[PDB]
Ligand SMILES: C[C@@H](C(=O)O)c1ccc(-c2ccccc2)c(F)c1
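So this first bit is one chain, no partners, the form solved without the named molecule, shown in structure tokens.
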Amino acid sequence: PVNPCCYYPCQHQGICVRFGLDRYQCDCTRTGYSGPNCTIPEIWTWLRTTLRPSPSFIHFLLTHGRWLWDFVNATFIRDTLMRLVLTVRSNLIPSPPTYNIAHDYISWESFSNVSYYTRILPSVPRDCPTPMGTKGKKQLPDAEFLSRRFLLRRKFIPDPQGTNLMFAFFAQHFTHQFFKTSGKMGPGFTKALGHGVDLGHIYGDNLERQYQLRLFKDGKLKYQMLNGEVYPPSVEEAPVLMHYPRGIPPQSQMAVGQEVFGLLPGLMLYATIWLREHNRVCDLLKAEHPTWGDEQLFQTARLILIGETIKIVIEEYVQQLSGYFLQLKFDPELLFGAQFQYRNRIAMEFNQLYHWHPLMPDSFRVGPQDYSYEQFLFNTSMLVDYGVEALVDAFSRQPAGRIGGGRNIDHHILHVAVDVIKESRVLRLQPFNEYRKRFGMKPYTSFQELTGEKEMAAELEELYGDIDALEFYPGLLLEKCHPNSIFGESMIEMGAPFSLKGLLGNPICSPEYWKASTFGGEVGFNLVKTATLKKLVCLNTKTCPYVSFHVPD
């Protein structure tokens, strides 16, 4: 007998529970719907659904008018809308968390065991006819071919939003504090136990590592002086596990929070910035607190850095990414009147979603010099001899790639795209159309409606068979891209929920934490509130170069 939940019979966040031998029922409490499958709307929701404009109309409003939005930003409407954005986006995520790789149901282990990644949609059951549920062919398309035919870059398609490499390396550095898929436990498991903006990519995911990175004097982290400039210390000085090529001198090796940051100079660049920030913050804290011990100077400085990160992400990072004329604002006080759970669990969906690999260009330009992938990768010297200020200027000037649209990931890093598609099948993720339903969108009727283009659509028809068989990661990477945007609509409608939930779901945003005491007084509290990417770099360097998430134009 065929498993009923393979058809995904229930709508609007309803739960498919199997009863008896071949039967099923659906629990649709607080979904706003009624019925056996739950399609009958309630008084309130029927009014809510007919007076709702499409996600296209909202995107059109936020990205048009210059004009209307200049007024909104200069008034209280700015805060009224920001509260609404935070409210409506975050509700689309289970909190407390629901499912994981092992359990397609709510359990105590799924709540307690933080080594698991979270899961919004249940897995595609192993007793389903097709691998994507009910619709499609017996064997899924080849992971290698799809990447080679639809993802592989041929011509460099730049980002129309003016995104630079400086963003890319930030989008990698920042993202790697909550995405740490373990090689030991395998897919669906994480090492980054902080599950968000904890800075376990600066201080480390465990305490043993943290104590090694610390100088134990003035609350500062260890450092080495190269060319009269502050850099992360050598492994010979602070012995921690770092993924470096075998044979590299211990002096050249640099010790940081995240063990992967050594492989790219861009990652080690940001690791240098935050380090240089942490220590100078300790200097400002010791100025008004001479009685404070080493522990307090350290722990308070961390929270300031956590607060600065979220400020810079919300107000500057996401701002560039969204392309809104609405001036996004980091103010936790906005959620003080509403019901919000101050916790977050990192989902595998978000992991799969955040594989923005098409940012990485064909080469890496540093001023008059041009560097290849074989030259740029694993380079240990490049960080030091160029310096921070000269290297930041280089990444802030070079244009980054277009994420959406397709055919825009370099061949050197193409081996990651296939792993994502292969790992998705191991996770048994539901088809793209089912993930659109969950995030308040309409499922695509055809492959034509997905891409808008004709040629690439016909080839996807023949491979997948049905549109309801299309996979999660290819769907996002091949969705039609509205002329002057970085990616398709689904990326925003799915990404923003996870993003905003994790950024505001931080405990420092809660009423009990969001106060001057937590940050050692007014001085620390203002540092959190007035932080910008420009002040993160230039206040730490010697000369202030060009620094933004957009190219100079």
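Only residues modelled in both forms are compared. Throughout, we count residues from 1 along the sequence that is shown. Here, rigid core means the biggest group of C-alpha atoms that superpose within 1.5 Å across both forms.
This protein has a second form, the form deposited with the named molecule bound, left out of what is shown; the following refers to that one.
**OP:** Indicate whether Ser499 is a 4.5 Å heavy atom neighbour of the named molecule in the bound PDB entry.
**Re:** Within the cut-off, so yes.
Original post:
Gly505: heavy atom within 4.5 Å of the named molecule in the bound PDB entry?
Top reply: Result no; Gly505 lies far from the named molecule in the bound PDB entry.
Original post:
At the 4.5 Å heavy atom threshold, is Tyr464 in contact with the named molecule in the bound PDB entry?
Top reply: Result no; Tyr464 lies far from the named molecule in the bound PDB entry.
Subject >> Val85, heavy atom within 4.5 angstroms of the named molecule in the bound PDB entry >> reply: Taking the distances in the bound PDB entry, the answer for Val85 is yes, it comes within 4.5 Å of the named molecule.
Original post:
For the spot marked by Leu321, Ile492 and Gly495, is every residue within 4.5 Å of the named molecule in the bound PDB entry through some heavy atom?
Top reply: Spot residues vs the named molecule: full contact, yes.
**OP:** Check each of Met254, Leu328, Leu450, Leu146 and return the one that places a heavy atom within 4.5 angstroms of the named molecule in the bound PDB entry.
**Re:** Spelling it out, the residue with a heavy atom inside the cut-off is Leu328.
Original post:
Tell me, which of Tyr354, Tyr444, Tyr244, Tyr342 has a heavy atom within 4.5 angstroms of the named molecule in the bound PDB entry?
Top reply: That would be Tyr354.
Original post:
Counting only non-hydrogen atoms, which stretch in 85-93, 225-233, 283-291, 150-158 is within 4.5 Å of the named molecule in the bound PDB entry?
Top reply: Heavy atoms within 4.5 Å of the named molecule in the bound PDB entry occur in 85-93.
**OP:** After fitting on the rigid core, list every run of 3 or more consecutive residues where each C-alpha shifts 2 Å or more between the shown form and the other one, in sequence order.
**Re:** Run shifting 2 Å or more: just 249-252.
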